[PDB]
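This report refers to the structure that appears directly beneath it.
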Amino acid sequence: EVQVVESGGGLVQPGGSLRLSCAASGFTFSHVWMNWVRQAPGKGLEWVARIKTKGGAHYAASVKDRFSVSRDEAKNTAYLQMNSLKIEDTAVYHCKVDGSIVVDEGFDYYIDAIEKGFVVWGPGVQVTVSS
Amino acid sequence: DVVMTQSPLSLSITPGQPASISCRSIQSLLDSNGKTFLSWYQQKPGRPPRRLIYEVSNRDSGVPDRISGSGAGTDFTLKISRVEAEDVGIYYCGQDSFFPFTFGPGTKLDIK
Amino acid sequence: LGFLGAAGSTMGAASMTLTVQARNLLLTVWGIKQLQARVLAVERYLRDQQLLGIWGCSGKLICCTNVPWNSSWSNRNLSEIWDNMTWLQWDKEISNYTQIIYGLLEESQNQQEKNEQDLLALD
Amino acid sequence: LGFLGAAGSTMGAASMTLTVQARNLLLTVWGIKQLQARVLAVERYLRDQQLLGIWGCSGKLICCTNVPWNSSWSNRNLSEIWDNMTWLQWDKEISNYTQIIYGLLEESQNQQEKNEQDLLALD
Amino acid sequence: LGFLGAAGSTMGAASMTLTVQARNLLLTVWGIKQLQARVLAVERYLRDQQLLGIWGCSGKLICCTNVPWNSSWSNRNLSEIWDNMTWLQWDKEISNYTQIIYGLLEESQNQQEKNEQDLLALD
Amino acid sequence: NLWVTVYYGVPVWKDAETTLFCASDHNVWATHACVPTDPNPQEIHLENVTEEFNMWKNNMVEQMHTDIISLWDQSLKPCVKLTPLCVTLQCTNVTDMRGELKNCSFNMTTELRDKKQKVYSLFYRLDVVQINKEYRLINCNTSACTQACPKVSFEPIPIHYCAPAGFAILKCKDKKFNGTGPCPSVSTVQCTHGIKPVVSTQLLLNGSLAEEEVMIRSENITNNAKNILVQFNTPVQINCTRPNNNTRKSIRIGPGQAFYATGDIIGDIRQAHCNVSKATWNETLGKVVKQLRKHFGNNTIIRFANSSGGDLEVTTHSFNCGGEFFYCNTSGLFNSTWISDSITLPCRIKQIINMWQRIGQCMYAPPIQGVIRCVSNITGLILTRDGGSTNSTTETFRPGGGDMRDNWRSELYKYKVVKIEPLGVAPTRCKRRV
Amino acid sequence: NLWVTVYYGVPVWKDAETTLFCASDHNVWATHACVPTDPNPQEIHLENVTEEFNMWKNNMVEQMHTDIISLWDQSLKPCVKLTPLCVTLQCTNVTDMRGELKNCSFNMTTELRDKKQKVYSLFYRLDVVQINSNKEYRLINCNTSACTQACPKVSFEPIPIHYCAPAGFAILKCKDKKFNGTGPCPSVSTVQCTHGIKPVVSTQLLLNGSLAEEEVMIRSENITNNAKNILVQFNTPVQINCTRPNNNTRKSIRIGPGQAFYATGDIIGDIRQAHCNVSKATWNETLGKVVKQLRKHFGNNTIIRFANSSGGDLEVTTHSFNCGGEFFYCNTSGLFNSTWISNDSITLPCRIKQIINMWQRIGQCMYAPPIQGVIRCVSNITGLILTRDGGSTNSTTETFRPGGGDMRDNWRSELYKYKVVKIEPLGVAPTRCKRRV
Amino acid sequence: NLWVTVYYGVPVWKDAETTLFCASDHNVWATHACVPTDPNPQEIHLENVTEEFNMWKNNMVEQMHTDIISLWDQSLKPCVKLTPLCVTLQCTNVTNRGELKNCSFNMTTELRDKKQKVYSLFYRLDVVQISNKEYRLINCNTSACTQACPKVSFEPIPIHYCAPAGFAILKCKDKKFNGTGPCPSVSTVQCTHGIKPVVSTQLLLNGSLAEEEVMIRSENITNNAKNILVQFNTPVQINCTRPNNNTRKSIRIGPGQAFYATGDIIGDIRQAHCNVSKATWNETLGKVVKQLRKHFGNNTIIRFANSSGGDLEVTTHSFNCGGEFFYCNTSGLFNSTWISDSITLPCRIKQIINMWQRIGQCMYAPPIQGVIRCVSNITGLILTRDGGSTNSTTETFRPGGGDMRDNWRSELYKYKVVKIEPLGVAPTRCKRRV
Ligand SMILES: *[C@@H]1O[C@H](CO)[C@@H](O[C@@H]2O[C@H](CO)[C@@H](O[C@@H]3O[C@H](CO[C@H]4O[C@H](CO)[C@@H](O)[C@H](O)[C@@H]4O)[C@@H](O)[C@H](O[C@H]4O[C@H](CO)[C@@H](O)[C@H](O)[C@@H]4O)[C@@H]3O)[C@H](O)[C@H]2NC(C)=O)[C@H](O)[C@H]1NC(C)=O
Ligand SMILES: *[C@@H]1O[C@H](CO)[C@@H](O[C@@H]2O[C@H](CO)[C@@H](O[C@@H]3O[C@H](CO)[C@@H](O)[C@H](O)[C@@H]3O)[C@H](O)[C@H]2NC(C)=O)[C@H](O)[C@H]1NC(C)=O
Ligand SMILES: *[C@@H]1O[C@H](CO)[C@@H](O)[C@H](O)[C@H]1NC(C)=O
Ligand SMILES: *[C@@H]1O[C@H](CO)[C@@H](O)[C@H](O)[C@H]1NC(C)=O
């Protein structure tokens, strides 16, 4: 089973800033692309940003000039950094990523196969924009 | 952004009969090549979400087969032949065909 | 007559028809075997030429030596051996002592050659 | 003179240097080629030596016979043939019957050997 | 006796055992190797009897010529050469004059052939 | 007194083996390889001479065998290898009075190593076995076969064996030759006549006919283990054909190499077979049994049954026709008894062949377009006698399935190689003058 | 009363077919196995001897062609084949005014068969084809044949090779000046071994070839026939300088267990088009002499025009070279661009192609690996292969264009001075002889 | 006066070289190429003959080595190769020395579209770390090895070399032959005696004993780089065997291809070793030093030391028997000093071996069922002299290797090929007449 690690949580004052992070392990992951989505309190989910860690980036509507993102391969992790927080930013962050675990690595040219990985979901950061 | 709408907002049925739910999008989700990225998510209370169906109908390893879905163009829906106690939870609809992702507000499915 | 046409005929025809026989004595797998056969034939011809030359008869179809005949080798009259016998039967009968005749011919040839050399030396 | 030096000179002068001409007669891609060439040359030399031997020469470079020269083969007298004529055009002259000439030589040598053996047998 | 049965003996007596030596003269990689050895020996034997043929001793082991002996090559007495010295040391003594002897022998033989041809032409 | 003499070029011969060579006028047996044979070979007939012949211990048959397999391997070396053909084959049936043909599919490479393609091809049940719906090739667990290239053909061009200088081939032209023993009428020829290296079991195709009547030759008539050869004085025409119109489609197995697979079958599907008139076969069998009785005596009845048993090749008539290797059940023909309309032979096709009864050099013959139809001359048989008990007033015969040595021996029975010995010594009233 | 006489060893020779053997002093031809030749190639003149020479029907040309092909196929047999090179190549343009060199990235095996390795290699546009700013490409030899690569240990220096006739044969050398193709040679000599012939490889021109001793000559079966090529020989060679200042980097990749592959790495410095130089005044003078001889052959007051190739495959419509490891391909249209009636230098653009089929065969190509540093290919032209069109009834003006297609013409221009003849030392003549019994 | 005389067939010879053909009576040393030998030895003694011999510059060893290399290649080529074996190996330490590693790796099966997990045991010398768990077969980064073809064996069958027609071989029958010098007693024979092609290093096994005393040979003792050969006058028995008897497993890597891997061990694992009688070895060394003192003088100290360094092939003793290739540490046999009941030598096994130290021509040795015992006796040695500028009166020697020609040079020193010169001339008072 593939696992996900959530880090970088904390408390931020109105208009402050912090550093986010996430990681994964337990498999090869092959062509894996990380995502970032948050669920507002009492309201549905909402896309935050995007990082194609292994293999192009994409930012949401209200994150321009406020969030800068990075990738990692030796650890397969990604480094997120935000600035200019707002009251609406208070939401739980879940490390979203489209998993693609390879299987039975082709030792010749007649066995190549891929397990069709799963979209791992992060536990939650619960970032609050307050004192 | 490609906003989408869900329906019904809330639902509740007793075990022993099938159930269905639909989620429409503002426009066609089919891309240029032809593939679709429609995903169905389930999030029980107290734990993160979990996927059940991928590309409108395909089923993810670990998901009960009783769960099935289909659709075309803009109309899509999920169909379950039998609802169990473990099925209780929040249901979501999602698509990643375009860069700006949109997720449904969320529907409640309670069981007696 | 054609080649080997006097095999069954009398000695008279065979004795006067040895010229034709004498003239008749002379993917990579094909080339290898053909070359081997050609070399074998050439070696056989050289061996025969050497055997005739050592007896002082090189280049001569018919040659007479100074070695007397033996009754043990042939206990039959000369007439039938010539006009009433083929080369096949003759060789079959002489095969018993065909190996010792070569040694005697060689010894006689060497002796006469040394004698001739001495005679020329004295003169 | 060197090899083939007297090719253009008259046959009379060229006959003085015949021995040089006679002497000159003697990984796998090149090996097979060299072996084939050597075998072919050896076979040619053996064929020529066999012809000379069967004709009575048996090594003699300059050997004659007892076969008259028919005028039909050539209506040219010995005058200009041995003064200025070379060997190239000469070959061409008899190139039409050399086979007949060889045949006559053979038969003549065979008959001569038979007669010699008979005469020697009488005495 | 056998092969080289008198190689070390006196040259005079060793000259009587030449016939034994004369008689003893005769996958893809291994096949070509064997063929190479065989053709090499055959070619050497043809070159030898070709050197004998160009001289007046064709088809003969012991043979003298008309070339006078030169004291420069060797001025030793006839008593020790035919009874004391052997073939090995003698050959090593004239290892440098071998070519001159062959050349002179060839010239003398060619002259002899021309002389006898002219003599028999008018005879 | 008398004195010995030495004669050169005397006519003498002795039995001895020698490295023979070919002579002839896109084929396994390269016609250009053989030296151009004489358009008019000179055959010299002897007189007052006799010679012993042994067509069993003769070495020309062994040389023929060695040369044939050597040329076979040489011809198959440049052709492409079918090593990647060993793949799991999910196969089904074809939809006919037969269900043997199979429509199989399998993954396979293409001109690009990384890329892969899915293709289908038809295969016969004789060279396909179930690995466990899933099938494979029987040759996979034996050795990788090499498909015969389309340019090279199996047509049997005649080959004229010839001996080198210093040797001669003795031809026994005596009629009703007993096979082994003296030959009162012999002849000498520089090079043998036309011999077609046709491969065939039980039945001999395109062979040589006898002179007077049907002949019987065997190492020992009293021995049952040894085979018995037969030669007909008249030919029995046989018509074999494949009514299925095959289609050939090329598949790029690899870079610069193509694979020829059976495209499909158009029209109705019918089983291959051979036709032979029963009247001609009846007359030929009557003469054969008469000749057999001549050796086994009178008042003896003979029976003709099918093959005793064994492998498919040894128990069935195998022959080639236009590149297709046939395997026909000759049980119907060898079914009769002698006391005091045309027949149809059920035949099947096999694409995988193991000629010469040796493993490690299997072949995968490619299909041929159109309808195959060839005529052949039946001239001999390879019979086998089973064990008896006091002769039981009757003897049973079956068609033997021996190797090709007997097949090639049936044509070279009248030939033998000998070594010439031009050295001879005889006495004469002569004395070498000093 | 004349009597026939038998003579042996007489001087008599007849034209015939035969096989020759090598002779010289590693290379693809593997001269180490050639039997060494004596340091004194003795030559004997033949006074009063005239023989007919027909170099067009000579057999030594076919022998040379077959021998060279055999050596080329034998030397490349032990080299490492590149069967796995046929894979999906994702190439992109290299960044520089040609837009031809492509930077391809592809997958490959390694010492271990259970794991792959990602590598890149530069390939010229002539070595790749589109199979539908990055796209998928495939090598041109995949759908034709998977060939090996020339081992770097072996060189392609056109070292000379001497052909010596076997025993019983001889070679006649025609030393007559101004001797055309087919005709009787007034002065002929005999040599046991031919002079050092360089088996050069080129198209439309001859490099490092023989030079005329008197003036430019023209050889052809009959100039009236347009189906026969025209051979030209220059009495004064013209220097030609080819080079490519690119400084390619060699990338050694072990595709398998001991199978080494030499790829084209990143280019150092700036990329420059591969061109060649040649003097203009010398070319003009040479063309003047050539047209003079052409007019003498076709008649006076004749207009001669030189045009470029008439199209076709890149092998025949270009100029082939062999130096440094790779094979250049220059566009000679800049030379045959003048008409003749009554410090300057010219630059010839050239391209690079690793996969070649110079022998015009189908099923066996050759992969030429690159080399380090700049390459200075210095040579001099010695002959030309020209072809002429029919021209219809118009005969006042004629046009000549570069030929090519038959590789035998390259070596034929060097073997026209020799011929093979079979010695026949047997002869018979009459004399007054009579044997004595 | 005097005249020159021509003599043919004269018994005169000269030094030269020629391609000698093999000759002998399931072995890589003999095939159909070698023709049968003459049982009767045609040896002829040469009286009053004295010819110089030089066994160092002789070309016999060169031709022998070339022919043997060709034979080795021609023997390993006819069957399967191990190119796909170069894959990653997962090994775990064994538990009932500590050398054998139980390695497991993926490998295809009969079908090229499937895989079969197999395990085999490989010695530490045949594998190398990629990490501590992953392993790779040695020499995979240089070339692909070939397995010893099972049909043929490595039995050192005797080989007899016979010169072709026109050449001769001189045998030095005189005793006390010091290698380079005149031989008063010489004999000629068209075929040399039995020669053992057994491959070995440092020590010479299954060779030819001396005449009456220990022999010492070298180009010139006043040197260090050049090796020194020693031949014993008596045989020294030596035993070698591994108590572990491996189990062969039939694993198929492709169609008609399969390699024999080492299975599980039965019983306890014990390192291989060799035994030699201490008394015999001591006596042999005493005789060797006694003979060496003749050239190096008396009252000298002679010491022996093991190999200095280098690869395992030159620093260890090799063997060839039963298909198993050994590499023993003979430091115990060269660890003695001289003034004025058994010995055991540890040994190791190795499959991948570079026989002729040719880079890119590795060969794989498959195991053999049951224990293997190779009884033999030593006959010579290959040492190397080392020392200073005579500052001390102590001489030290060490075993040598690498020069495979030196191994066989101690056996061919008794023969020399020569070219006969049947043409000769001499003076005589003879003149040809008309
Ligand atoms: C012969 O061929 C077989 C073919 O299957 C090989 O077997 C596989 O080998 C690979 C080698 O990497 C194994 O890969 C590893 O799998 C671990 C677990 O995955 C299995 O189990 C989970 C559930 O626990 C399943 O979901 C999954 O599908 C697998 O069945 C992973 O944890 C490994 O990744 C972690 O470790 C590696 C260590 O290098 C890190 O690089 C990663 O980042 C990560 O931390 C890894 O993916 C695979 O499981 C094997 N499966 C089998 C047995 O089928 C053999 O290995 C090969 N030869 C031999 C003998 O080794
Ligand atoms: C025509 O003749 C010239 C002169 O011989 C040829 O030029 C030479 O070509 C060779 C390659 O065939 C060059 O070889 C290389 O030389 C360097 C330096 O010595 C060496 O390091 C390399 O390993 C290699 O041997 C050689 O330098 C070059 N000489 C010059 C002065 O340019 C020319 O190639 C011939 N024509 C044709 C068509 O080959
Ligand atoms: C005959 O000989 C004379 C000289 O003797 C010569 O001029 C003439 O041409 C010859 N004629 C023939 C036909 O040979
Ligand atoms: C030798 O092999 C046999 C099986 O054939 C086995 O029982 C025996 O124990 C083995 N030898 C040792 C020493 O274990």
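Order determines the names: the first chain of the structure tokens is A, the second B, and so forth; residues in each chain are numbered 1 upward, and ligands are numbered 1 upward as they are shown.
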Could you go through chain C and tell me which residues DSSP, when run on the backbone, assigns to helix (DSSP H, G or I), listing them as number ranges by chain?
C: 11-15, 18-24, 28-54, 78-83, 87-94, 98-122
Expected answer as an MDAnalysis selection string: residues within 6 Å of ligand 2, only C-alpha atoms and all ligand atoms
chainID G and resid 156:158 200 207:208 321:324 376:379
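Atom CA of residue G:357 to atom CA of residue F:80 spans 21.2 Å [interatomic distance, one decimal].
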Please give me, as a VMD selection string, the residues lying within 6 Å of ligand 4 when counting only C-alpha atoms and all ligand atoms.
chain H and resid 243 to 245 266 to 267 370
Got a sec to pull out which chain D residues are within 6 Å of chain G, counting only C-alpha atoms, and send them as a list in words?
residues 5, 7, 8, 18, 21, 22, 25, 26, 41, 61, 62, 63, 64, 65, 66, 67, 68 and 69 of chain D
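Neighbouring residues of residue B:46 at 12 Å or closer, counting only C-alpha atoms and skipping chain neighbours under 6 positions away, are residues 123 and 124 of chain A; 89 and 90 of chain B.
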Could you dump the residues just selected with N, CA, C and O atoms as a PDB file, in the first residue's frame?
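New file part-v5.pdb:
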```pdb
ATOM      1  N   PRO A 123      -3.855  13.170   5.143  1.00  0.00           N
ATOM      2  CA  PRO A 123      -4.731  13.229   6.330  1.00  0.00           C
ATOM      3  C   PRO A 123      -5.364  14.593   6.545  1.00  0.00           C
ATOM      4  O   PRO A 123      -6.594  14.696   6.635  1.00  0.00           O
ATOM      5  N   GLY A 124      -4.554  15.647   6.627  1.00  0.00           N
ATOM      6  CA  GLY A 124      -5.059  16.990   6.839  1.00  0.00           C
ATOM      7  C   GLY A 124      -4.107  17.847   7.649  1.00  0.00           C
ATOM      8  O   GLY A 124      -3.474  17.355   8.588  1.00  0.00           O
TER       9      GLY A 124
ATOM     10  N   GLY B  89     -21.793   7.766   4.211  1.00  0.00           N
ATOM     11  CA  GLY B  89     -20.723   8.736   4.130  1.00  0.00           C
ATOM     12  C   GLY B  89     -21.076   9.836   3.150  1.00  0.00           C
ATOM     13  O   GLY B  89     -22.184   9.893   2.618  1.00  0.00           O
ATOM     14  N   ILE B  90     -20.101  10.708   2.926  1.00  0.00           N
ATOM     15  CA  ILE B  90     -20.253  11.834   2.015  1.00  0.00           C
ATOM     16  C   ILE B  90     -19.785  11.398   0.636  1.00  0.00           C
ATOM     17  O   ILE B  90     -18.758  10.720   0.497  1.00  0.00           O
TER      18      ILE B  90
END
```
Step by step, measure atom-to-atom distances between ligand 1 and each residue using only C-alpha atoms and all ligand atoms, keep those at most 9 Å, then write them as a PyMOL selection string.
(chain A and resi 1-2+24-29+75-76+101-107+115) or (chain G and resi 114) or (chain H and resi 88-91+103-107+115-119+134)
Which chain G residues are at most 10 Å from chain F (counting only C-alpha atoms), as a PyMOL selection string?
chain G and resi 83-88+107-108+138-139+141-147+362-364
